[PDB]
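Colleague: show me the folded form of this:
(3 chains, ligands or ions: 8)
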Amino acid sequence: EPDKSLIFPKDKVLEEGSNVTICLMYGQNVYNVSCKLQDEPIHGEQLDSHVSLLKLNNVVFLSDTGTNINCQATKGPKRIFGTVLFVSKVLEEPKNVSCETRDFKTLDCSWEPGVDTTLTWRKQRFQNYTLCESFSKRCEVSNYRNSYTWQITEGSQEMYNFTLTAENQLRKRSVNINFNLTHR
Amino acid sequence: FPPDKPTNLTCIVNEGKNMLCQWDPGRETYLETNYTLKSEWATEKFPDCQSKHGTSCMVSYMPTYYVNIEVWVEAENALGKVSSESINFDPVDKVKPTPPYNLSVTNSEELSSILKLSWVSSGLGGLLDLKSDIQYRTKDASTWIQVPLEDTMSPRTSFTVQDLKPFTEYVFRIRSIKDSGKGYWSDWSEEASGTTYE
Amino acid sequence: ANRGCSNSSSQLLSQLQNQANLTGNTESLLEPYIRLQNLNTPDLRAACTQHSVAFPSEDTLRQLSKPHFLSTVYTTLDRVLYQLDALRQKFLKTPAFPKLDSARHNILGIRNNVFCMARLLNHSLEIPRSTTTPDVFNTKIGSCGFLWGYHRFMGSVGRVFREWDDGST
Ligand SMILES: *[C@@H]1O[C@H](CO)[C@@H](O[C@@H]2O[C@H](CO)[C@@H](O)[C@H](O)[C@H]2NC(C)=O)[C@H](O)[C@H]1NC(C)=O
Ligand SMILES: *[C@@H]1O[C@H](CO)[C@@H](O[C@@H]2O[C@H](CO)[C@@H](O)[C@H](O)[C@H]2NC(C)=O)[C@H](O)[C@H]1NC(C)=O
Ligand SMILES: *[C@@H]1O[C@H](CO)[C@@H](O[C@@H]2O[C@H](CO)[C@@H](O)[C@H](O)[C@H]2NC(C)=O)[C@H](O)[C@H]1NC(C)=O
Ligand SMILES: *[C@@H]1O[C@H](CO)[C@@H](O[C@@H]2O[C@H](CO)[C@@H](O)[C@H](O)[C@H]2NC(C)=O)[C@H](O)[C@H]1NC(C)=O
Ligand SMILES: *[C@@H]1O[C@H](CO)[C@@H](O[C@@H]2O[C@H](CO)[C@@H](O)[C@H](O)[C@H]2NC(C)=O)[C@H](O)[C@H]1NC(C)=O
Ligand SMILES: *[C@@H]1O[C@H](CO)[C@@H](O)[C@H](O)[C@H]1NC(C)=O
Ligand SMILES: *[C@@H]1O[C@H](CO)[C@@H](O)[C@H](O)[C@H]1NC(C)=O
Ligand SMILES: *[C@@H]1O[C@H](CO)[C@@H](O)[C@H](O)[C@H]1NC(C)=O
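Modeller: Numbers count the residues shown, from 1 in each chain, chains lettered A, B, ... in the order given. Ligands and ions are numbered 1, 2, ... in the order given. Please find the structure below.
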């Protein structure tokens, strides 16, 4: 539209320390578009006569709500338009994963969840922890973050080979443990 | 034998906690008896307060001020069910404030017979106008001399005690209550010391 | 029904005035929301004050009679409750924002008080959707403007209650 402007992408989910290139396309009547971050100027490059590119290098994590990118035009229609840039932390590997038995019926395994990488809006909500054994082929999403109560089926099987997996919308970490039933 | 009608239904709201209500059961029934405390507004109902042990139970919801609330307790056993009388009160008139802290006593170089007091009060973030009661005494005497309560009726955070002996130490303590005279008197604050000027 | 809101009228009026003075404060809900959404830039605050939702003005409230004023207050509080419920169902984080629940309880209390006051005057009150969001900047701006308008309306209704207490005809 000659009296409007667009910006892409909208509500991008990135990882802390990556790059991004934001495009901005304004109409014909709009002139001298100037975009800014929270509080700083941004040196934009004009790809074409009506387009402008914004380059951000090594974005830093500010808050779990995202970094607002407000862009206001000096000439033409006086208004404010922009998008929110969601930056998330790096997912860590579970540390000191160990399990135990009490009465040959349940296995209370515990681990360290690490750093929380859950956002506030509807972008990233779940951080699942899946524990799947090899000799039995059983795994379900645990309801807790650093604990789980495993139920062993009958058969007097004395062997275990687990593989804990933590996955979010960005990456997926995995750690394997190996132990014995009578030795723990 | 079946229970009797409960009485002595009173409720107190501590600053920073939920509403706590107490009553007397009466006679021993020699049977398993449950006591449930009801609570509701004029247009809304609240969860029940089931006494886990004894007669008092602490509610689970947050207290809302400036709204009349009606509560009553029902006694039920294996032989009958009887409920006490209901009371209609305001949660802001049953608040028990916390004692003021950071009590400091400062002297004056010009007037050696005065001692200016200084303290801070919570007041739920500036919501309640609290009047205070100030008691002072020397270091060797055991009795406490109380200032006239009419002089400390206005909401304030400082007071100047006069008619004191020059070059003598004193001990002070304070407690606050609502301006309208309702509610409950707070506990005594920490004793602060102060020496008059020469 | 008859299990609350005793026949005392001066106490009810004082409670209403105190609730209005407590609610009509920018530090209650608007300032925490602004400090949480990273909207501290002066341009962002100008955009906040620019977009304003249409609320009844002060002269309109002062020109109306008493039952009409009570009915309009009831309807406006109902709309504010609906909008707050929508914002809660869109934000999807309850523990990081208890001011929303506090304001909701305060609005419910004000609604109960005004209903009781209307019942005391022998007047009958008038008895009467997408979770996902495409954009977030526009939603933030809209919520900011709505909170600003709500605080202004609470201040206006508090001033009207004060004028009513001064009159007492
Ligand atoms: C983000 O942009 C920077 C700057 O353009 C780039 O950093 C390059 O990283 C590679 C690999 O380490 C180096 O060989 C180059 O010398 C760096 N500079 C340039 C200009 O290419 C890269 O595109 C991105 N960096 C990261 C860490 O993601
Ligand atoms: C992480 O766990 C959640 C919660 O159990 C699951 O999310 C499901 O995702 C599927 C596919 O998108 C939906 O059909 C379901 O409605 C979601 N909820 C449930 C309860 O199943 C899923 O196991 C994992 N999701 C992600 C994104 O990793
Ligand atoms: C025990 O569990 C580990 C990890 O889950 C698995 O080891 C895999 O073994 C296969 C067979 O050689 C390899 O191709 C894979 O690379 C191994 N790693 C993974 C992550 O799959 C396997 O389930 C079990 N290993 C043994 C030796 O029994
Ligand atoms: C784990 O426990 C099982 C049984 O308690 C044992 O596994 C034995 O491993 C040896 C070495 O290969 C085999 O020769 C035996 O047949 C296995 N079974 C038994 C009953 O001895 C052993 O105690 C543990 N496993 C290992 C590899 O040490
Ligand atoms: C009714 O019973 C209550 C029992 O809760 C008593 O009232 C106060 O109870 C507290 C704690 O039990 C005591 O510390 C107070 O001394 C009691 N009296 C007052 C005036 O607070 C008392 O037995 C009865 N109250 C009345 C007013 O008769
Ligand atoms: C063992 O787990 C604990 C967590 O309670 C912590 O010390 C660490 O993650 C593990 N120990 C070492 C030496 O890594
Ligand atoms: C009283 O409460 C207990 C739980 O403490 C419950 O088991 C019982 O059914 C209730 N009623 C009676 C009459 O005991
Ligand atoms: C009260 O004194 C303590 C230390 O004595 C310190 O927190 C501060 O000086 C005062 N606190 C407040 C809230 O005034």
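Colleague: what's near enough to touch residue C:97?
Modeller: C:32, C:33, C:36, C:91 (C-beta atoms under 8 Å, 6 or more residues apart in numbering or on different chains). C-betas here are computed from N, CA, C, even on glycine.
Colleague: could you look up the SS state of the second one?
Modeller: Secondary structure, DSSP: H, G, I helix; E, B strand; the rest coil: residue C:33 is helix.
Colleague: do you know how far residue C:59 is from residue C:169?
Modeller: Look at residue C:59 and residue C:169: by C-beta to C-beta, to the nearest Å, they are 19 Å apart.
Colleague: er, residue A:143 I mean
Modeller: Using C-beta to C-beta, which is the criterion applied here, residue A:143 is 62 Å from residue C:169.
Colleague: so which of the two has more stuff around it?
Modeller: Higher neighbour count among residue A:143 and residue C:169: residue A:143, with 9 against 4, using other C-beta atoms under 10 Å in any protein chain shown.
Colleague: okay, and the beta partners of the nearest residue to residue B:50 once chain neighbours are set aside?
Modeller: Nearest residue to residue B:50, sequence neighbours excluded (C-beta to C-beta, 6 or more residues apart in numbering or on different chains): residue B:36, at 5.4 Å. Beta-bridge partners for residue B:36, by DSSP bridges, are residue B:50, residue B:74.
Colleague: list the contacts for residue B:36?
Modeller: Residue B:36 sits in contact with B:48, B:49, B:50, B:51, B:73, B:74, B:76, where contact means C-beta under 8 Å, 6+ apart.
Colleague: which among those count as buried?
Modeller: For the contacts of residue B:36, a burial check counting by 16 or more other C-beta atoms under 10 Å in any protein chain shown picks out B:49, B:51, B:73.
Colleague: same list (those residues) but as TSV, adding distance to residue B:91.
Modeller: Putting the buried ones among the contacts of residue B:36 into TSV (distance: C-beta to C-beta, whole Å) gives the following:
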residue	distance to residue B:91
B:49	15
B:51	20
B:73	17
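Colleague: quick check: domain ranges of the chain?
Modeller: Just so you know, I chose chain A. Here the domain parsing of chain A from automatic domain parsing is A:5-88, A:95-179.
Colleague: oops, I was thinking of chain B
Modeller: B:7-93, B:97-195.
Colleague: want to throw those domains into a markdown table with distance to residue A:98?
Modeller: Formatted as a markdown table, the domains of chain B follow (distance: least, C-beta to C-beta, whole Å):
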| stretch | distance to residue A:98 |
| --- | --- |
| domain B:7-93 | 38 |
| domain B:97-195 | 46 |
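Colleague: stretch A:73-83 near chain C at all?
Modeller: Yes - Stretch A:73-83 is in contact with chain C by C-beta under 8 Å from any C-beta of the partner chain, via A:80, A:81, A:82, A:83.
Colleague: buried set for that stretch?
Modeller: A:73, A:76, A:80, A:81, A:82, A:83.
Colleague: which ones are touching the first one?
Modeller: Residue A:73 is in contact with A:5, A:26, A:30, A:31, A:32, A:33, A:34, A:79, counting by C-beta under 8 Å, 6+ apart.
Colleague: residue A:76 is in contact with the fourth one, correct?
Modeller: Right, the one you point to is residue A:31. Yes - the pair residue A:31 / residue A:76 is scored as a contact, 5.7 Å apart, by C-beta atoms under 8 Å.
Colleague: residues contacting residue C:61?
Modeller: Taking C-beta under 8 Å, 6+ apart, we find residue C:61 in contact with C:69, C:72, C:156, C:157, C:160.
Colleague: run the chain-centre distance for the helix or strand containing it.
Modeller: Element membership for residue C:61 (DSSP states H and E) is helix C:58-63. Helix C:58-63 has its C-alpha centroid displaced from the chain centroid by 17 Å (C-alpha atoms, centre = their mean, to the nearest Å).
Colleague: ditto for stretch B:143-158
Modeller: 18 Å.
Colleague: ok, back up a step: most neighbours among the contacts of residue C:61, which one?
Modeller: Among the contacts of residue C:61, residue C:157 has the most neighbours (other C-beta under 10 Å), with 25 neighbours.
Colleague: how about it, nearest residue that isn't a chain neighbour?
Modeller: Leaving out its chain neighbours, the residue that sits closest to residue C:157 by C-beta to C-beta, 6+ apart is residue C:20, at 5.7 Å.
Colleague: the one you found and residue C:156 touch, don't they?
Modeller: No - with contact defined as C-beta under 8 Å, residue C:20 does not count as touching residue C:156 (9.3 Å).
Colleague: show me the contact partners of stretch A:90-97.
Modeller: Taking C-beta under 8 Å, 6+ apart as the rule, stretch A:90-97 contacts A:15-17, A:109-115, A:117, A:127, A:129, A:164, A:166, A:168, A:170-171, A:173, A:175, A:177.
Colleague: now do the buried residues in it.
Modeller: A:91, A:94, A:97.
Colleague: excluding sequence neighbours, find me the nearest residue to the last one.
Modeller: Distance criterion C-beta to C-beta, 6+ apart; nearest residue to residue A:97, sequence neighbours excluded, is residue A:111 at 4.3 Å.
Colleague: surely that neighbour is within a strand?
Modeller: Yes - assessed with three-state DSSP, residue A:111 lies in a strand.
Colleague: my guess is it contacts residue A:146. True?
Modeller: Yes - in this structure, residue A:111 is within contact of residue A:146 by C-beta under 8 Å, at 5.9 Å.
Colleague: who's more crowded, the two?
Modeller: residue A:111 (22 against 13).
Colleague: contacting residues around that one?
Modeller: Applying C-beta under 8 Å, 6+ apart, we find residue A:111 in contact with A:94, A:95, A:96, A:97, A:98, A:146, A:164.
Colleague: next one: residue C:83
Modeller: Taking C-beta under 8 Å, 6+ apart as the test, what residue C:83 contacts is residue C:146.
Colleague: SS state for it?
Modeller: helix.
Colleague: give me the helices and strands touching the lengthiest helix in chain C, please.
Modeller: Counting residues, the longest helix found in chain C (DSSP state H) is helix C:137-167. The elements that helix C:137-167 packs onto, with contact taken as 3 or more C-beta pairs under 8 Å, 6 or more residues apart in numbering or on different chains; DSSP states H and E, are strand A:80-88, helix C:10-23, helix C:26-36, helix C:42-50, helix C:58-63, helix C:66-91.
Colleague: now the ones you listed in JSON lines, with distance to residue B:1?
Modeller: Formatted as JSON lines, the helices and strands packed on helix C:137-167 follow (distance: least, C-beta to C-beta, whole Å):
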{"stretch": "strand A:80-88", "distance to residue B:1": "67"}
{"stretch": "helix C:10-23", "distance to residue B:1": "42"}
{"stretch": "helix C:26-36", "distance to residue B:1": "54"}
{"stretch": "helix C:42-50", "distance to residue B:1": "68"}
{"stretch": "helix C:58-63", "distance to residue B:1": "61"}
{"stretch": "helix C:66-91", "distance to residue B:1": "50"}
